[PDB]
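Some notes on the structure that comes next.
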There are 2 protein chains.
Amino acid sequence: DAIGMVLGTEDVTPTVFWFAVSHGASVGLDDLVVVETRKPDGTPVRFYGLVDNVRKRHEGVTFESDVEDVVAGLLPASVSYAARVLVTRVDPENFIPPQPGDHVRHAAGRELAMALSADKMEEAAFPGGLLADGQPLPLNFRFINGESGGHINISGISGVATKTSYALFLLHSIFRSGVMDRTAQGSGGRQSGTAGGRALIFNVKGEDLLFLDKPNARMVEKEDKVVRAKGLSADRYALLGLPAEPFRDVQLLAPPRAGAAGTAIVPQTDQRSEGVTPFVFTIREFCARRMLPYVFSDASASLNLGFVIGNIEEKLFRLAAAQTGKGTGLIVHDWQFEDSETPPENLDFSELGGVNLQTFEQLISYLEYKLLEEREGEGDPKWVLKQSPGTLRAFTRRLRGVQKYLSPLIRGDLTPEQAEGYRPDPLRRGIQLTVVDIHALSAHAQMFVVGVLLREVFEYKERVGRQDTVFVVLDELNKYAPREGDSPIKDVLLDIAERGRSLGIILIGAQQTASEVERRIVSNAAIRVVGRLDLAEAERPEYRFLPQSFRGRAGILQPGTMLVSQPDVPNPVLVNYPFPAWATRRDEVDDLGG
Amino acid sequence: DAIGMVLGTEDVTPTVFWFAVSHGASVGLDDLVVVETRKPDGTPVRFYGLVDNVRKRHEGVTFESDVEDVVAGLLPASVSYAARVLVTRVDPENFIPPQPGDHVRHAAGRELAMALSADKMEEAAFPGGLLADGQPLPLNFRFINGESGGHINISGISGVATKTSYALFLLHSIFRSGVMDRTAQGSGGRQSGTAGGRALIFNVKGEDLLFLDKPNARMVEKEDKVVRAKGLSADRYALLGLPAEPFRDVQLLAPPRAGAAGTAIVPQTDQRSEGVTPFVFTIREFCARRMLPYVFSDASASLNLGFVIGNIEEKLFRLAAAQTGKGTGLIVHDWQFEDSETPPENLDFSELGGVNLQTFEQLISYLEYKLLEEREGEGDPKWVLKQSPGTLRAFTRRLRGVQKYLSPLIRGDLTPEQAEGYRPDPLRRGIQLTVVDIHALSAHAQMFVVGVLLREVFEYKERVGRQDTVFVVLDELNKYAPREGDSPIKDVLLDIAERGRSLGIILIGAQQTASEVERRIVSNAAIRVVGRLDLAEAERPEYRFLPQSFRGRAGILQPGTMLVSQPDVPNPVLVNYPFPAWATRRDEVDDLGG
Ligand SMILES: Nc1ncnc2c1ncn2[C@@H]1O[C@H](COP(=O)(O)OP(=O)(O)O)[C@@H](O)[C@H]1O
Ligand SMILES: Nc1ncnc2c1ncn2[C@@H]1O[C@H](COP(=O)(O)OP(=O)(O)O)[C@@H](O)[C@H]1O
Ligand SMILES: [Mg+2]
């Protein structure tokens, strides 16, 4: 039943020590063990620890070429199988040394709970993945939902480290474990419900986050091989107390077909058209809800246009509040264009002689007249508050650059019912997971939609309060929150990281290297997960929470294998987690066989 | 009675040396020891120290595979139990080595006092926590009240390290140990009183810092377990000479129900309604006491609005000094609004044709008029003061963005008596502890309240003087005093750190990592305390006061275990402190269970 004995040839310190592996037992690199030592007065002191180094030496072989004789039986040789243990816990916390010869044994039952501080987690423990020998690793939800700890940060080489798919596994674990229930017993209103929970996620890389609403045909065939190979009792999900089933209550939203002058509205998706709902903003919303700054996120040097943008934002806001009509466009009455080079065919003209702006192009043209033509090119003084003409043209030119890409999204030609039906609500009643398909959008349109949608949820939580947890799963954090660049979308993320704990917005974010992301986003994550990391980044300052033992291991980490670090447990523990039950590509949705 | 003997196999130097543990004795890692050696001429020299390394070896084992046989007795081997002693003090200051074979014994009586420099502390020593075996740790109050020492800085993993709970323990020890008396009698005029010691603390994270008035139902069940396990003589509080009771005279202040257009005033309290008093500021107080800059504390790039803020601050200051009325609002006579988009409703129009500003939004609207509409936009040059319109709308817009969150706190509609009663006074007569509930406020409203309150106490001490000690207990020191940002709330924290010693304001600050806080705040902390530190941060330059021997140990410190480092004693000492006698959550007050 024991696994080894504490070695005496090496120093035995309370923090770290070596032990010799017993015959007939194997010790893997990441095994969790427990050793119990006796004090002089006879009181026990238990040491819970994790293996970080493992080796084998040949005892007494002398010259190396003796092996041929040695293994033939001619020369006597003993094999020395040794393991180093990094102590994570001392239950009576006497920092005394164990005695050499104390029995080392695998932490398997309550001993494992003590080894992973599961007593500190209490009911808030939920499946975080599988350990070496099929024992689920317990994550403390109180360090994920804001109660005691913030959000999560996942890192690793894209394509190899499985961060996005792991984040979806964490979502499945959180929704399917009842951990939101158990930890909603904490109080009646501080945080409450497992039904209340919601998740918002964006489909940046094209068509990969759709088919969460269809089961993965391939899961059992790939997962059978793992259960066959590692000799597990069952499929991993059942080991977790998790079901091997896809996401439920899923809302799929996509931009409207990039329709050029077409009133017909259909989503852009080629590979999936069923169950996909188009989402659009309206010109009047755009001005009423102050969406203008979220067009501006350059992730480069640029200038300080904050004055210009702030002024026109307020001008549009008061304009939209002045609108009395039910339409989705913005009616402006002060647009006269003798020779502002726009054509007169298509402008819908109001009953009161006003011009009704129906497309994003018109909204930008009207911004051009007020800023650069209102009075023979010097512009409307009330719109350009003495701002430089160059500064104006930059602003205008960046709006022009993205309007070809953003125009289908922001529509003033729609009628009021179409606008209320197509309006993007990541918090719609009865929906648990909302996927926003921004894959066909441009690098600018993408962060526009991400910007206002995150802001809309956050504004909603400020206004309403914090008894519903909303999960935002965001890949490529560096572009959204760059280390030195300053931007409005970054600002909303700064708001979710720093204030979202007590507001109820949890970020499960991922990036290839945390060193390219804003320090304040990475710093505010209680849970840090590491996939296969780059050999150069492992020694960076952002990954010191990995002991040196772990970087070399972290360079060859296999897909499906992650190192999670959570505040309760002072060491990274390695975990594997099942394949997605949810389809992650089109052919995994095969209703009828292959 | 002895514990070991100085070893002769390792070097014996006066600063560091090893000794062999006697059989039947246990030597923990942080134990305090004394060894006495004899000079050639017969004079004794005492060495007091602290263990920093401890190990066990197998002496006389050739191969590690022999280990199993060794335990049976088949082969011969002896266990070597050795400890390294980091010398902290020599009674006679002679830097001569102790001879191998000198006797090592636990510092237990007067010897313990000599190891912890308690003779330097004199009457100013007070309990700072419990040592390895039940003896209280002396803390030098003179290094906390400003006489020879200053303030306190606590570092550690939030949620695991118990820094907030420890800080309240320090208040409890300071108030209930009569140390304020003992060290007040050196000269009564110089520094006077245990009744004159007060505390101000802020309740940000949850409803966690209310119910400090109420006893903790759960602490006997939790503290019984520790006394049972560690074989201590009594409950830890009795060991310290401290009582297990809550704070004596407490005042709980809360924001006013976020009342929308409601004259009724009630605290925002949802779980604790009894004993909570609402606090409010008045528009007139806002202008008279110069509360304007403290709205602006973004702690980022921001802008140079200091000129704008300084101008409008002085303008509102002279405006308030000109006010003759008894009302709480500000009456301005130069506000005309022919098309300012303002409303025709009750402005409590004055008898003299002036407008009486009663809400924060009105004050911002009047500011918008003077700065952006006065002379059809260019404004009153006694207000805009040649400042650009972009900067002007920026100052305006940031006031607008924050107005919704700060409006319920700043009321000019209140009557003079409601104002004098609801005014927040951390120094109220007959109060020892003041708790400010800002958990319901936004990130901006919180920074505001903390700013003007800390400034109010600081101004009062400048004006009055220093025979009352006021303790400010502040968690999350990284957001309030960032390392690189610059804000007014950081400036009052800087004034407290650099001047608070001789003014009587002592800061008990806590943050996850000292490396994220302003250097000047952390540098002026005479007492540094460390709970479980991040593996990454222990090697940072801000934690060099931890010797390398401690780092690995500090990575795994258990909740309730802290390393205090004080100027008198040259090394960090590990301590344990009781569970809170005061309730720290709702169900702790009245659980009636077990
Ligand atoms: N548990 C797993 N084991 C192995 N491969 C997995 C596992 N889960 C997902 N994958 C696959 O490995 C890749 C996962 O990477 P993904 O998370 O999509 O990208 P990244 O993590 O770089 O954002 C995809 O090929 C995915 O289908
Ligand atoms: N004396 C104590 N010993 C052990 N745990 C304690 C003690 N006092 C409080 N705790 C618990 O430890 C945690 C302390 O976290 P807290 O102090 O609130 O946050 P932080 O330490 O980051 O400021 C909470 O679970 C608290 O109930
Ligand atoms: Mg991805």
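Every chain in the structure tokens takes a letter, A first, then B, and so on in the order presented; its residues are numbered from 1, and the ligands are numbered from 1 following the presented order.
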
Set out as JSON lines a contact list for chain A and chain B with a cut-off of 6 Å, giving each residue of chain A that qualifies its closest atom pair and distance in Å to one decimal, counting only C-alpha atoms, ordered by chain and rising residue number.
```
{"residue": "A:8", "atom": "CA", "partner": "B:58", "partner_atom": "CA", "distance": 4.3}
{"residue": "A:9", "atom": "CA", "partner": "B:58", "partner_atom": "CA", "distance": 5.9}
{"residue": "A:11", "atom": "CA", "partner": "B:57", "partner_atom": "CA", "distance": 5.8}
{"residue": "A:12", "atom": "CA", "partner": "B:55", "partner_atom": "CA", "distance": 5.0}
{"residue": "A:13", "atom": "CA", "partner": "B:55", "partner_atom": "CA", "distance": 4.8}
{"residue": "A:40", "atom": "CA", "partner": "B:24", "partner_atom": "CA", "distance": 5.0}
{"residue": "A:80", "atom": "CA", "partner": "B:65", "partner_atom": "CA", "distance": 5.6}
{"residue": "A:95", "atom": "CA", "partner": "B:29", "partner_atom": "CA", "distance": 5.0}
{"residue": "A:96", "atom": "CA", "partner": "B:28", "partner_atom": "CA", "distance": 4.7}
{"residue": "A:97", "atom": "CA", "partner": "B:55", "partner_atom": "CA", "distance": 5.6}
{"residue": "A:148", "atom": "CA", "partner": "B:159", "partner_atom": "CA", "distance": 5.5}
{"residue": "A:307", "atom": "CA", "partner": "B:390", "partner_atom": "CA", "distance": 4.9}
{"residue": "A:385", "atom": "CA", "partner": "B:389", "partner_atom": "CA", "distance": 5.8}
{"residue": "A:544", "atom": "CA", "partner": "B:536", "partner_atom": "CA", "distance": 4.7}
{"residue": "A:545", "atom": "CA", "partner": "B:536", "partner_atom": "CA", "distance": 5.1}
{"residue": "A:570", "atom": "CA", "partner": "B:556", "partner_atom": "CA", "distance": 5.8}
```

Step by step, measure atom-to-atom distances between ligand 1 and each residue using only C-alpha atoms and all ligand atoms, keep those at most 9 Å, then write them as a PDB file with N, CA and C atoms, in the first residue's frame.
```pdb
ATOM      1  N   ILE A 154      -5.650  32.167 -19.055  1.00  0.00           N
ATOM      2  CA  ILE A 154      -5.121  30.938 -19.711  1.00  0.00           C
ATOM      3  C   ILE A 154      -4.043  31.364 -20.706  1.00  0.00           C
ATOM      4  N   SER A 155      -2.946  30.616 -20.775  1.00  0.00           N
ATOM      5  CA  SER A 155      -1.820  30.993 -21.612  1.00  0.00           C
ATOM      6  C   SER A 155      -1.307  29.781 -22.370  1.00  0.00           C
ATOM      7  N   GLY A 156      -0.752  30.018 -23.550  1.00  0.00           N
ATOM      8  CA  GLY A 156      -0.082  28.944 -24.256  1.00  0.00           C
ATOM      9  C   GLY A 156       0.029  29.205 -25.739  1.00  0.00           C
ATOM     10  N   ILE A 157       0.898  28.414 -26.367  1.00  0.00           N
ATOM     11  CA  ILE A 157       1.117  28.480 -27.808  1.00  0.00           C
ATOM     12  C   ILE A 157      -0.196  28.184 -28.519  1.00  0.00           C
ATOM     13  N   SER A 158      -0.627  29.105 -29.374  1.00  0.00           N
ATOM     14  CA  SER A 158      -1.884  28.913 -30.081  1.00  0.00           C
ATOM     15  C   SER A 158      -1.799  27.707 -31.009  1.00  0.00           C
ATOM     16  N   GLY A 159      -2.883  26.942 -31.058  1.00  0.00           N
ATOM     17  CA  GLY A 159      -2.938  25.766 -31.896  1.00  0.00           C
ATOM     18  C   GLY A 159      -2.495  24.517 -31.171  1.00  0.00           C
ATOM     19  N   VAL A 160      -1.526  24.660 -30.269  1.00  0.00           N
ATOM     20  CA  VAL A 160      -0.955  23.523 -29.555  1.00  0.00           C
ATOM     21  C   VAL A 160      -1.513  23.461 -28.136  1.00  0.00           C
ATOM     22  N   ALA A 161      -1.230  24.482 -27.330  1.00  0.00           N
ATOM     23  CA  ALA A 161      -1.902  24.629 -26.045  1.00  0.00           C
ATOM     24  C   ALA A 161      -3.392  24.844 -26.274  1.00  0.00           C
ATOM     25  N   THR A 162      -4.220  24.107 -25.539  1.00  0.00           N
ATOM     26  CA  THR A 162      -5.645  24.011 -25.852  1.00  0.00           C
ATOM     27  C   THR A 162      -6.499  24.969 -25.022  1.00  0.00           C
ATOM     28  N   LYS A 163      -6.202  26.273 -25.086  1.00  0.00           N
ATOM     29  CA  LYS A 163      -6.755  27.210 -24.108  1.00  0.00           C
ATOM     30  C   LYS A 163      -8.235  27.491 -24.355  1.00  0.00           C
ATOM     31  N   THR A 164      -8.604  27.823 -25.593  1.00  0.00           N
ATOM     32  CA  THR A 164     -10.009  28.101 -25.879  1.00  0.00           C
ATOM     33  C   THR A 164     -10.887  26.901 -25.531  1.00  0.00           C
ATOM     34  N   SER A 165     -10.512  25.709 -26.009  1.00  0.00           N
ATOM     35  CA  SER A 165     -11.318  24.520 -25.744  1.00  0.00           C
ATOM     36  C   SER A 165     -11.332  24.170 -24.264  1.00  0.00           C
ATOM     37  N   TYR A 166     -10.263  24.509 -23.541  1.00  0.00           N
ATOM     38  CA  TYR A 166     -10.261  24.297 -22.099  1.00  0.00           C
ATOM     39  C   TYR A 166     -11.203  25.265 -21.410  1.00  0.00           C
ATOM     40  N   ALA A 167     -11.231  26.522 -21.870  1.00  0.00           N
ATOM     41  CA  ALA A 167     -12.153  27.504 -21.308  1.00  0.00           C
ATOM     42  C   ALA A 167     -13.594  27.045 -21.460  1.00  0.00           C
ATOM     43  N   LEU A 168     -13.924  26.470 -22.617  1.00  0.00           N
ATOM     44  CA  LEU A 168     -15.254  25.912 -22.819  1.00  0.00           C
ATOM     45  C   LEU A 168     -15.493  24.718 -21.904  1.00  0.00           C
ATOM     46  N   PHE A 169     -14.443  23.942 -21.619  1.00  0.00           N
ATOM     47  CA  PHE A 169     -14.564  22.859 -20.648  1.00  0.00           C
ATOM     48  C   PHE A 169     -14.849  23.395 -19.250  1.00  0.00           C
ATOM     49  N   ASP A 208     -15.610  28.529 -35.840  1.00  0.00           N
ATOM     50  CA  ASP A 208     -15.060  27.458 -34.966  1.00  0.00           C
ATOM     51  C   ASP A 208     -15.895  27.367 -33.690  1.00  0.00           C
ATOM     52  N   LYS A 222     -12.239   9.417 -30.093  1.00  0.00           N
ATOM     53  CA  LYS A 222     -10.959   9.905 -29.584  1.00  0.00           C
ATOM     54  C   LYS A 222     -10.810   9.624 -28.093  1.00  0.00           C
ATOM     55  N   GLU A 223     -11.902   9.742 -27.334  1.00  0.00           N
ATOM     56  CA  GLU A 223     -11.819   9.549 -25.891  1.00  0.00           C
ATOM     57  C   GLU A 223     -11.728   8.076 -25.521  1.00  0.00           C
ATOM     58  N   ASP A 475     -10.595  35.048 -26.356  1.00  0.00           N
ATOM     59  CA  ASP A 475      -9.290  34.638 -26.850  1.00  0.00           C
ATOM     60  C   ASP A 475      -8.522  35.863 -27.330  1.00  0.00           C
ATOM     61  N   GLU A 476      -7.206  35.725 -27.523  1.00  0.00           N
ATOM     62  CA  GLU A 476      -6.318  36.825 -27.995  1.00  0.00           C
ATOM     63  C   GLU A 476      -6.495  38.069 -27.121  1.00  0.00           C
ATOM     64  N   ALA A 510      -7.684  34.401 -22.576  1.00  0.00           N
ATOM     65  CA  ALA A 510      -6.593  33.587 -23.075  1.00  0.00           C
ATOM     66  C   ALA A 510      -5.742  34.398 -24.038  1.00  0.00           C
ATOM     67  N   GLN A 511      -4.432  34.176 -23.968  1.00  0.00           N
ATOM     68  CA  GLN A 511      -3.479  34.790 -24.874  1.00  0.00           C
ATOM     69  C   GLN A 511      -2.265  33.884 -24.960  1.00  0.00           C
ATOM     70  N   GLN A 512      -1.518  34.027 -26.056  1.00  0.00           N
ATOM     71  CA  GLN A 512      -0.361  33.167 -26.267  1.00  0.00           C
ATOM     72  C   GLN A 512       0.714  33.430 -25.221  1.00  0.00           C
ATOM     73  N   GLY A 531      -0.931  26.169 -20.786  1.00  0.00           N
ATOM     74  CA  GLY A 531      -0.763  25.098 -21.745  1.00  0.00           C
ATOM     75  C   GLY A 531       0.679  25.028 -22.197  1.00  0.00           C
ATOM     76  N   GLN A 558       1.600  18.314 -23.675  1.00  0.00           N
ATOM     77  CA  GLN A 558       0.819  17.747 -24.757  1.00  0.00           C
ATOM     78  C   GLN A 558      -0.527  18.467 -24.868  1.00  0.00           C
ATOM     79  N   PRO A 559      -1.095  18.547 -26.073  1.00  0.00           N
ATOM     80  CA  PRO A 559      -2.463  19.056 -26.205  1.00  0.00           C
ATOM     81  C   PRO A 559      -3.420  18.272 -25.322  1.00  0.00           C
ATOM     82  N   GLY A 560      -4.317  18.997 -24.659  1.00  0.00           N
ATOM     83  CA  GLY A 560      -5.203  18.424 -23.670  1.00  0.00           C
ATOM     84  C   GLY A 560      -4.646  18.420 -22.266  1.00  0.00           C
ATOM     85  N   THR A 561      -3.450  18.969 -22.069  1.00  0.00           N
ATOM     86  CA  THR A 561      -2.764  18.963 -20.786  1.00  0.00           C
ATOM     87  C   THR A 561      -2.459  20.398 -20.387  1.00  0.00           C
ATOM     88  N   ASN A 576      -5.250  16.861 -17.147  1.00  0.00           N
ATOM     89  CA  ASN A 576      -5.809  16.582 -18.460  1.00  0.00           C
ATOM     90  C   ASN A 576      -7.323  16.664 -18.358  1.00  0.00           C
ATOM     91  N   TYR A 577      -7.957  17.095 -19.440  1.00  0.00           N
ATOM     92  CA  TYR A 577      -9.400  17.271 -19.447  1.00  0.00           C
ATOM     93  C   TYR A 577      -9.953  16.727 -20.755  1.00  0.00           C
ATOM     94  N   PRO A 578     -11.196  16.233 -20.754  1.00  0.00           N
ATOM     95  CA  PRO A 578     -11.705  15.464 -21.898  1.00  0.00           C
ATOM     96  C   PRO A 578     -11.745  16.268 -23.192  1.00  0.00           C
ATOM     97  N   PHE A 579     -12.017  15.553 -24.277  1.00  0.00           N
ATOM     98  CA  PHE A 579     -12.287  16.204 -25.543  1.00  0.00           C
ATOM     99  C   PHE A 579     -13.634  16.922 -25.472  1.00  0.00           C
ATOM    100  N   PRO A 580     -13.844  17.932 -26.310  1.00  0.00           N
ATOM    101  CA  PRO A 580     -15.129  18.642 -26.296  1.00  0.00           C
ATOM    102  C   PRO A 580     -16.281  17.725 -26.682  1.00  0.00           C
ATOM    103  N   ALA A 583     -19.445  20.021 -30.668  1.00  0.00           N
ATOM    104  CA  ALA A 583     -18.716  20.081 -31.926  1.00  0.00           C
ATOM    105  C   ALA A 583     -17.963  21.401 -32.044  1.00  0.00           C
ATOM    106  N   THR A 584     -16.710  21.321 -32.483  1.00  0.00           N
ATOM    107  CA  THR A 584     -15.909  22.505 -32.757  1.00  0.00           C
ATOM    108  C   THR A 584     -15.608  22.809 -34.218  1.00  0.00           C
ATOM    109  N   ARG A 585     -16.243  22.103 -35.146  1.00  0.00           N
ATOM    110  CA  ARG A 585     -16.104  22.306 -36.559  1.00  0.00           C
ATOM    111  C   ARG A 585     -17.283  21.642 -37.223  1.00  0.00           C
TER     112      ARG A 585
END
```

Just list as number ranges by chain whatever in range 67-231 of chain A DSSP marks as strand (DSSP E). A: 78-90, 103-106, 125-130, 136-140, 151-155, 198-202

Neighbouring residues of residue 255 in chain B were defined as those with any atom within 12 Å, considering only C-alpha atoms; residues of the same chain fewer than 2 positions away were excluded. Please report them as a ChimeraX atom specification. /B:203,252-253,257-259,265-270,276-281,405-411,422-424,435-442,445-446,449

Pick out the residues sitting within 10 Å of range 330-340 of chain B, and hand them over as an MDAnalysis selection string; count only C-alpha atoms, and ignore anything fewer than 5 positions along from it in its own chain. chainID B and resid 282:288 316 319:325 348:350 352:359 363 365:370 372:374 376 412

Put those residues in a file: N, CA and C atoms, as a tab-separated table (two decimals), in the first residue's frame.
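Result file follows (out32.tsv):
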```tsv
chain	number	residue	atom	x	y	z
B	282	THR	N	-23.02	67.69	1.69
B	282	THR	CA	-23.89	68.73	1.14
B	282	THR	C	-23.16	69.49	0.04
B	283	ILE	N	-23.95	69.98	-0.94
B	283	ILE	CA	-23.39	70.76	-2.04
B	283	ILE	C	-22.53	71.90	-1.50
B	284	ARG	N	-22.99	72.55	-0.43
B	284	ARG	CA	-22.25	73.68	0.10
B	284	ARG	C	-20.94	73.23	0.74
B	285	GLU	N	-20.98	72.11	1.48
B	285	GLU	CA	-19.74	71.53	1.99
B	285	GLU	C	-18.79	71.17	0.85
B	286	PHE	N	-19.34	70.64	-0.25
B	286	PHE	CA	-18.53	70.27	-1.41
B	286	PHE	C	-17.69	71.45	-1.89
B	287	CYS	N	-18.29	72.64	-1.94
B	287	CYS	CA	-17.60	73.80	-2.49
B	287	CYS	C	-16.75	74.48	-1.43
B	288	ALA	N	-17.24	74.53	-0.19
B	288	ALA	CA	-16.50	75.20	0.87
B	288	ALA	C	-15.22	74.45	1.23
B	316	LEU	N	-15.74	77.69	-7.06
B	316	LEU	CA	-16.77	77.18	-6.17
B	316	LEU	C	-16.47	77.54	-4.72
B	319	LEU	N	-17.55	81.13	-4.26
B	319	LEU	CA	-19.00	81.13	-4.39
B	319	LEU	C	-19.67	80.67	-3.10
B	320	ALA	N	-19.14	79.63	-2.47
B	320	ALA	CA	-19.72	79.12	-1.23
B	320	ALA	C	-19.50	80.09	-0.08
B	321	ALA	N	-18.33	80.74	-0.04
B	321	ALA	CA	-18.07	81.71	1.01
B	321	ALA	C	-18.97	82.93	0.88
B	322	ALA	N	-19.42	83.23	-0.33
B	322	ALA	CA	-20.36	84.33	-0.53
B	322	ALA	C	-21.78	83.96	-0.14
B	323	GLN	N	-22.08	82.67	-0.01
B	323	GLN	CA	-23.42	82.22	0.34
B	323	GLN	C	-23.80	82.73	1.73
B	324	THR	N	-24.94	83.43	1.81
B	324	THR	CA	-25.45	83.89	3.09
B	324	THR	C	-26.49	82.94	3.68
B	325	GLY	N	-27.19	82.19	2.83
B	325	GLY	CA	-28.27	81.36	3.29
B	325	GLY	C	-27.82	80.21	4.18
B	348	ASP	N	-36.06	75.41	-6.74
B	348	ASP	CA	-36.13	76.21	-5.52
B	348	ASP	C	-35.57	77.61	-5.79
B	349	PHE	N	-36.17	78.26	-6.79
B	349	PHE	CA	-35.76	79.60	-7.19
B	349	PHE	C	-35.76	80.52	-5.98
B	350	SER	N	-34.64	81.21	-5.78
B	350	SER	CA	-34.42	81.98	-4.56
B	350	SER	C	-35.35	83.19	-4.51
B	352	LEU	N	-34.28	86.16	-4.13
B	352	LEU	CA	-33.57	87.23	-4.81
B	352	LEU	C	-33.36	86.95	-6.29
B	353	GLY	N	-34.13	86.03	-6.87
B	353	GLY	CA	-33.98	85.68	-8.27
B	353	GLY	C	-32.82	84.76	-8.57
B	354	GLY	N	-32.17	84.19	-7.55
B	354	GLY	CA	-31.10	83.25	-7.78
B	354	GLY	C	-31.60	81.82	-7.86
B	355	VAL	N	-30.81	80.97	-8.51
B	355	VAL	CA	-31.10	79.54	-8.57
B	355	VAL	C	-30.35	78.86	-7.43
B	356	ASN	N	-31.07	78.06	-6.66
B	356	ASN	CA	-30.48	77.32	-5.54
B	356	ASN	C	-30.17	75.90	-6.01
B	357	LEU	N	-28.88	75.60	-6.18
B	357	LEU	CA	-28.46	74.29	-6.69
B	357	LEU	C	-28.66	73.25	-5.59
B	358	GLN	N	-29.47	72.23	-5.87
B	358	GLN	CA	-29.78	71.22	-4.87
B	358	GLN	C	-29.30	69.83	-5.21
B	359	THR	N	-29.00	69.53	-6.47
B	359	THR	CA	-28.51	68.21	-6.83
B	359	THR	C	-27.18	68.32	-7.56
B	363	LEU	N	-25.38	71.19	-10.23
B	363	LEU	CA	-24.06	71.80	-10.10
B	363	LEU	C	-23.20	71.53	-11.33
B	365	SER	N	-24.47	70.95	-14.34
B	365	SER	CA	-25.10	71.69	-15.42
B	365	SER	C	-24.73	73.17	-15.37
B	366	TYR	N	-24.72	73.75	-14.17
B	366	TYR	CA	-24.25	75.11	-14.01
B	366	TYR	C	-22.78	75.24	-14.41
B	367	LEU	N	-21.96	74.25	-14.04
B	367	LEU	CA	-20.57	74.26	-14.50
B	367	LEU	C	-20.50	74.16	-16.01
B	368	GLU	N	-21.37	73.35	-16.62
B	368	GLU	CA	-21.41	73.26	-18.07
B	368	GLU	C	-21.76	74.60	-18.69
B	369	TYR	N	-22.66	75.35	-18.05
B	369	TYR	CA	-23.03	76.66	-18.58
B	369	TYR	C	-21.84	77.62	-18.51
B	370	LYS	N	-21.24	77.77	-17.33
B	370	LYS	CA	-20.16	78.73	-17.18
B	370	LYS	C	-18.97	78.40	-18.07
B	372	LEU	N	-19.01	76.21	-20.95
B	372	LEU	CA	-19.26	75.83	-22.34
B	372	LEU	C	-20.44	76.53	-23.01
B	373	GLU	N	-21.16	77.44	-22.32
B	373	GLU	CA	-22.31	78.11	-22.92
B	373	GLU	C	-22.47	79.58	-22.56
B	374	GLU	N	-21.64	80.12	-21.66
B	374	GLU	CA	-21.91	81.41	-21.03
B	374	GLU	C	-22.12	82.52	-22.06
B	376	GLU	N	-22.49	82.40	-25.44
B	376	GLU	CA	-22.71	81.51	-26.59
B	376	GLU	C	-21.51	80.49	-26.98
B	412	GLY	N	-27.89	68.69	-1.98
B	412	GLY	CA	-28.11	70.07	-1.57
B	412	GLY	C	-29.56	70.33	-1.22
```

Taking only C-alpha atoms into account, name the residue in A:260, A:494, A:90, A:239 that is nearest to residue 137 in chain A. A:239

Where in range 391-574 of chain B does DSSP assign alpha helix (DSSP H), given as a VMD selection string? chain B and resid 391 to 406 416 to 421 443 to 464 477 to 480 488 to 503 519 to 523 548 to 554

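Considering the residues A:573, A:464, A:497, A:217 and counting only C-alpha atoms, residue 246 in chain A has its shortest atom-to-atom contact with A:217.
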
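Computed from the coordinates, the CA of residue 346 in chain B to CA of residue 263 in chain B distance equals 14.4 Å.
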
Measure the distance from CA of residue 311 in chain A to CA of residue 382 in chain A in Å and round it to one decimal.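 Here the two named atoms are 9.5 Å from each other.
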
Selection: 6 Å around residue 127 in chain B, only C-alpha atoms, excl. self and same-chain fewer than 4 positions, as a PyMOL selection string: chain B and resi 136-138+240

Tell me which of B:312, B:113, B:295, B:477 sits closest to ligand 2, counting only C-alpha atoms and all ligand atoms. B:477

If you count only C-alpha atoms, which residues fall within 10 Å of residue 106 in chain B, apart from same-chain ones fewer than 4 positions away, as a tab-separated table (two decimals) with C-alpha atoms, in the first residue's frame?
```tsv
chain	number	residue	atom	x	y	z
B	1	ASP	CA	16.49	20.77	29.57
B	2	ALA	CA	18.99	21.25	26.76
B	3	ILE	CA	18.03	20.82	23.11
B	4	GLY	CA	21.29	20.13	21.30
B	27	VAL	CA	13.54	21.41	16.49
B	31	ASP	CA	12.45	28.12	16.69
B	32	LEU	CA	14.27	30.73	18.79
B	33	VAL	CA	17.39	29.38	20.51
B	34	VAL	CA	20.17	30.42	22.87
B	35	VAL	CA	23.64	28.93	23.27
B	48	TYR	CA	20.61	34.19	20.64
B	49	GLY	CA	19.37	33.10	17.27
B	50	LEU	CA	16.66	31.71	15.08
B	111	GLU	CA	16.33	34.46	27.28
B	112	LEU	CA	13.36	34.78	24.93
```
